[PDB]
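The chain below stands alone and is given as structure tokens, in the form deposited in one PDB entry.
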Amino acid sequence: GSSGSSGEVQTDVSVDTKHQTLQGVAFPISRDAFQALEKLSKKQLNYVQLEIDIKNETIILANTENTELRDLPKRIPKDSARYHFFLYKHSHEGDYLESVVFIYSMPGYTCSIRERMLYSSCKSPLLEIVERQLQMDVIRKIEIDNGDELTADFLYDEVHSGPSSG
């Protein structure tokens, strides 16, 4: 009979403390995978399909084809978890610029928990790549549960990092 009664059980009212992270996986960078992000830095394309290999244990290339915004969410797979680097172009203060966005779609249907956790934890060692090689930094990280959420009304939101409720 622990439950039932409710009151001031949290006697914190003092300094708080938090961990540094939840996972800690670091996979190597493949050639094809890198070459895909390389062009992205030279403003050549606006779509990079990357993923992690469970057999090779590394971030390899999954695909590479031009993609737009109106069809951005139309390219996202509905039966495979991978990354999608979209070049969201906007005009701040009347100045048109280019920004590389990070998208991570995860369907999660049959793939074990070891694969879904390894595909979302492999982003860490994948982000430092362009941040330690191409010297390029992502405009903002975005993760969905389908891929349709990727819209000009959503992307612009994350990129802005503006305030929100929940």
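Residue positions are given as counts along the sequence shown, with the first one as 1.
A second form of this protein, the form solved in complex with a partner chain, is not displayed here; the remarks below concern that form.
The candidate stretches are 112-120, 66-74, 42-50, 29-37, and the one lying within 4.5 Å of its partner chain in the deposited complex by heavy atoms is 112-120. Although the partner is absent from this view, residue 148 stays clear of its partner chain in the deposited complex, with no non-hydrogen atom inside 4.5 angstroms. In the deposited complex, its partner chain lies farther than 4.5 Å from every heavy atom of residue 132. Of the heavy atoms in residue 126, none are within 4.5 Å of its partner chain in the deposited complex.
Taking the partner from elsewhere, residue 106 is found to have a heavy atom lying within 4.5 Å of its partner chain in the deposited complex.
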